[PDB]
Amino acid sequence: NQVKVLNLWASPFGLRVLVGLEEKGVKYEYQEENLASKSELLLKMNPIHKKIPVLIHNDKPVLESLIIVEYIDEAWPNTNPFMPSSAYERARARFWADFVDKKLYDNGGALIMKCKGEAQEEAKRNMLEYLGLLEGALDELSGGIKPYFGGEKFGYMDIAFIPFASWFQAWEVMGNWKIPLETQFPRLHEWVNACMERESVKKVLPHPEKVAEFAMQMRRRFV
Amino acid sequence: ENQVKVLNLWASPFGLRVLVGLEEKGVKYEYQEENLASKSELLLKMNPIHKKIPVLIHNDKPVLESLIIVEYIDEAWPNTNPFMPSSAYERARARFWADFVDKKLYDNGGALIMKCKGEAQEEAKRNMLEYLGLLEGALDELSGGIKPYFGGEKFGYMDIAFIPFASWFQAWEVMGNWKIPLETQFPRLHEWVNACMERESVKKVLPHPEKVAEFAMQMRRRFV
Ligand SMILES: N[C@@H](CCC(=O)N[C@@H](CS)C(=O)NCC(=O)O)C(=O)O
Ligand SMILES: N[C@@H](CCC(=O)N[C@@H](CS)C(=O)NCC(=O)O)C(=O)O
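Residues numbered from 1 in each chain as written, not as in the entry; some residues may be left out. Chains lettered and ligands numbered in written order. Heavy atoms only, no water.

## Concerning the interface of chain A and chain B
Okay, so step 1: Across the contact, 24 residues belong to chain A and 25 residues belong to chain B.
Okay, so step 2: Buried surface at the junction of chain A and chain B, summed over both partners, amounts to about 2300 Å²; 70% is from carbon and sulfur atoms.
Okay, so step 3: Contact with chain B buries surface across chain A, with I48(A), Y88(A) and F95(A) losing the most and accounting together for 27% of the total.
Okay, so step 4: At the boundary of chain A with chain B, the tally comes to six salt bridges.
Okay, so step 5: Between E74(A) and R91(B) there is a salt bridge, and its shortest N-O distance comes to 2.7 Å.
Okay, so step 6: Counting only elements with at least two residues in the side of chain A that touches chain B, the list comes to β4 (60-63), α3 (65-75) and α4 (87-114) of chain A. (Contact = heavy atoms within 4.5 Å. Buried area = accessible area lost by both parts, 1.4 Å probe. Salt bridge = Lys/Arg side-chain N within 4 Å of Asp/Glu carboxyl O. Helix = DSSP H or I, 4+ residues; strand = E, 2+ residues; numbered from the N terminus.)

Written as structure tokens, this is what we have:
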């Protein structure tokens with residue numbers, strides 16, 4: 001087949017790509033990579049970053065997950081629109097996906113993984129602040145409409161964010177705490193539960209327990 | 001009393017992107033210079049999470065993050081000067097190379113030439129040459145050999161994304177006490193810069209490299 005995906009099973013960034021592929025109804029090859037022993041294929045396709053995910057479409061590589069998502073939407077444009085119609089809402093969608101990566105993850109969950117003590121508590125403070133902002137972002141982009149970031153339509157932003165729900169338990173485990181979604185962030189809770197009813201998400205999103213084990217394994221490398 | 005307002009710092013390549021893009025589309029706009037030491041409440045109302053420039057306000061709508069702003073500008077005035085390519089893949093690659101300009105050439109190149117000393121700075125310049133090599137390649141990749149732009153004959157997203165750093169070359173040369181061998185080792189980029197500088201947009205908004213250099217040196221002294 002014309003389409004291949006190189007990924008790490010627990011990576012939210014490639015899970016974006018899989019979810020996106022399924023939503024468009026694309027059949028694809030999947031190759032699991034060991035980042036400790038990377039395929040020459042990955043190095044040939046992503047020599048600059050040497051990172052997953054990689055999407056190979058007709059042996060041409062698409063790199064960096066959000067761009068890949070936009071690529072998928074633009075490469076399979078006849079159905080299932082990820083992007084909004086208006087420019088500004090698209091700008092906001094991009095802004096918020098970017099925000100998910102740079103803040104909720106890079107300046108949140110990653111530090112929960114890597115950090116210890118007051119640093120970790122600070123990471124958790126940050127995570128709550130960001131999830132608050134994202135709870136607000138949901139009502140912003142949805143226009144109050146339920147239950148997705150695209151209201152009734154499951155879109156770019158839903159795709160960018162929902163794989164991190166597979167990481168919540170991991171974050172809870174490594175920070176030894178409880179994330180109060182149901183109470184402090186109910187829209188996101190409902191949204192996750194809603195997203196979990198879709199075929200795509202059920203097909204590709206892994207069990208949180210496994211991710212958590214995996215995350216702990218990775219935490220030991222740090223701390 | 002016009003509908004587009006830009007909040008910016010004059011020397012930032014990232015806001016210069018925005019200005020260049022607006023000039024290409026023929027959009028008339030207000031410009032507001034921000035002091036990052038005393039930020040306007042407006043900048044804070046409009047960009048409360050990052051509190052950064054540039055900010056583009058279009059009819060009370062704040063557009064944030066320079067590349068996204070560039071895309072917004074293209075998508076909001078689409079009947080005029082298309083920035084983005086026709087093919088999805090080339091758009092994917094253009095966006096990729098833009099991200100590459102920000103995260104590599106700058107964050108892991110020029111920023112470090114400003115911030116660092118010794119072996120670190122030396123390695124930053126080594127990197128800059130590597131990245132500029134890759135970008136010399138990027139131009140031919142995306143242009144299809146066609147000259148003189150990243151869009152061949154059309155002046156686009158990546159051209160806009162990259163060309164404000166040309167005002168920063170001289171500054172990097174000074175802060176690193178070296179010369180970037182554009183004319184010899186990256187001649188496409190040389191040709192491309194000179195071509196882009198023939199456009200009114202770029203001529204209109206891009207500052208003299210000398211003042212950029214002074215400014216860069218001052219802040220380097222703040223970093224020593
Ligand atoms: N910038 C990439 C980030 C991808 C990424 O770094 N994923 C992690 C998952 S933790 C990874 O495995 N990176 C490859 C590596 O370890 O070098 C994107 O937007 O998708
Ligand atoms: N939203 C901006 C972020 C770029 C950025 O970091 N700009 C710098 C100036 S070069 C800034 O605003 N710094 C604010 C500060 O240093 O406090 C973009 O378009 O990329």
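Next, the rest of the story.
## Digging into the domain arrangement of chain A
All names here are of chain A.
Okay, so step 1: The domain boundaries assigned to chain A delineate domain 1 (3-75) and domain 2 (87-221).
Okay, so step 2: Seen at the junction of domain 1 and domain 2, the total is three salt bridges.
Okay, so step 3: Close ionic contact of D101 with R16 constitutes a salt bridge, the shortest N to O distance being 2.4 Å.
Okay, so step 4: Taken together, the connections running from domain 1 to domain 2 amount to six residue pairs in polar contact.
Okay, so step 5: A per-element tally of the side of domain 1 that touches domain 2 places helix α1 (residues 12-23) first, with nine residues.
Okay, so step 6: Among the residues making up the side of domain 1 that touches domain 2, the classes are represented as eleven nonpolar, one polar and four charged. (Domains from an automatic or database assignment. Polar contact = N/O pair within 3.5 Å; in protein donor to acceptor, adjacent residues only side chain to side chain. Nonpolar A, V, L, I, M, F, W, Y, C, P; charged D, E, K, R; others polar.)

## Details of the sheet that holds strand β1 (residues 4-8) of chain B
Strands in a sheet are paired, the pairing made by backbone hydrogen bonds, and the direction either parallel or antiparallel.
Residue and element names in this part refer to chain B.
Okay, so step 1: With mixed pairing, the four strands of this open sheet are ordered in space as β2-β1-β3-β4. Of all the strands in the sheet, just β2 (30-33) and β4 (61-64) have a single pairing partner and so form its edges. The average angle at which neighbouring strand axes cross in this sheet is 20 degrees, direction not considered.
Okay, so step 2: Two strands pair when backbone bridges link them, and β1 and β2 are joined in this way by four bridges, in the parallel orientation. By the bridge assignment, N8 is partnered in β2 with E33.
Okay, so step 3: This element, helix α3 (residues 66-76), spans β3 (55-58) and β4 of the sheet and lies at about 130 degrees to β4. (Pairing = 2+ DSSP bridges. Axes fitted to C-alpha atoms, helices over the stretch in contact; angles between N-to-C directions.)

## Some words on the pattern of salt bridges
It is possible for side chains of opposite charge to pair when their charged atoms get near one another.
Okay, so step 1: The final tally for this structure, using the stated rule, is 24 salt bridges over all chains.
Okay, so step 2: Among the salt bridges present, the one from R92(A) reaches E140(A), with a minimum N-O distance of 2.6 Å. Here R92(A) is found in helix α4, whereas its partner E140(A) is found in helix α5 (residues 117-142), with 48 residues between them in sequence.
Okay, so step 3: The class for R92(A) is buried, based on a relative accessible area of 14%.
Okay, so step 4: Linking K103(B) and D107(B) is a salt bridge whose minimum nitrogen-to-oxygen distance equals 3.9 Å. (Buried < 20%, exposed > 50% of the residue type's maximum accessible area, 1.4 Å probe, protein only.)

## Digging into the environment of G21(B)
All names here are of chain B.
Okay, so step 1: Tracing the backbone through its elements, the reader meets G21 in helix α1 (residues 13-25).
Okay, so step 2: For the pair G21 and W172, spaced 151 residues apart in sequence, the C-alpha separation works out to 24 Å.
Okay, so step 3: Aside from chain neighbours lying at most four places away, what touches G21 is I73, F83 and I160.

## Some details on α4(A)
Residues and elements named next belong to chain A.
Okay, so step 1: Between the first and last C-alpha of α4 there are 37 Å, a value that for 28 residues agrees with the 40 Å anticipated at 1.5 Å per step.
Okay, so step 2: Of all the bends in α4, the greatest measures close to 45 degrees and is centred on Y105.
Okay, so step 3: In terms of burial, α4 is a largely internal element, 21 of the 28 residues being buried. (Expected span 1.5 Å × (residues − 1). Bend = angle between axes of the 7 residues up to and from the residue.)

## As for the site of ligand 1
All names here are of chain A.
Okay, so step 1: Taken together, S11, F13, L35, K50, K51, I52, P53, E64, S65 and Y105 make up the full set of residues adjacent to ligand 1.
Okay, so step 2: Contact between ligand 1 and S65: an oxygen atom at 2.7 Å from a side-chain N or O atom of the residue.
Okay, so step 3: Protein chains shield 73% of the accessible area of ligand 1, which is 510 Å² for the free molecule.
Okay, so step 4: Broken down by class, the residue content of the shell around ligand 1 amounts to five nonpolar, two polar and three charged. (Near = heavy atom within 4 Å. Areas by Shrake-Rupley, 256 points an atom, 1.4 Å probe, with all protein chains shown as cover.)

## Thoughts on the domain arrangement of chain B
All names here are of chain B.
Okay, so step 1: Domain boundaries assigned for chain B yield domain 1 (4-76) and domain 2 (88-223).
Okay, so step 2: One C-alpha centre belongs to domain 1, the other to domain 2; they are set 21 Å apart.
Okay, so step 3: On the side of domain 2, 22 residues touch domain 1, which itself brings 16 residues to the contact.
Okay, so step 4: Between domain 1 and domain 2, the buried area comes to about 1800 Å², and carbon and sulfur atoms account for 72% of it.
Okay, so step 5: The interface formed by domain 1 and domain 2 includes four salt bridges.
Okay, so step 6: Inspection of the domain 1/domain 2 interface yields seven residue pairs in polar contact.
Okay, so step 7: Elements with a contribution of two residues or more to the side of domain 1 that touches domain 2: α1 and α3.
Okay, so step 8: Here the element with the most residues in the side of domain 1 that touches domain 2 is α1; it accounts for nine residues.

## Let's talk about the packing of aromatic side chains
Okay, so step 1: Across all of its chains, the model carries 33 aromatic pairs over all chains by this definition.
Okay, so step 2: Consider the rings of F149(A) and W191(A), whose centres lie 5.2 Å apart with planes at 90 degrees: the pair is edge-to-face. Taken as a pair, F149(A) in the loop between α5 and α6 (156-161) and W191(A) in helix α9 (residues 186-195) lie far apart in primary sequence, 42 residues in all. One exposure class covers both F149(A) and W191(A), and it is buried.
Okay, so step 3: An angle of 25 degrees between the planes, with centres 4.8 Å apart, marks the rings of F162(B) and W192(B) as stacked. Of the two residues, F162(B) sits in helix α6 (residues 157-162) while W192(B) sits in helix α9 (residues 187-196), which places them 30 residues apart along the sequence. (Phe/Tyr/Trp six-rings, centres within 6.5 Å; stacked < 30°, edge-to-face > 60°.)

## Section: the packing of α1(B) against α3(B)
Each pair of packed helices can be described by the angle between their axes along with the distance between the axes.
Residue and element names in this part refer to chain B.
Okay, so step 1: Two elements in contact, α1 and α3, have axes separated by 9 Å at closest approach and are oriented at 10 degrees. Relative to α3, the element α1 lies roughly parallel. Counted together, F14, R17, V18, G21, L22 and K25 of α1 and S66, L67, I69, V70, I73 and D74 of α3 form the full contact between these two elements.
Okay, so step 2: A class-by-class count of the residues in the contact of α1 with α3 yields seven nonpolar, two polar and three charged. (Parallel < 35°, antiparallel > 145°, perpendicular 65-115°, else oblique.)

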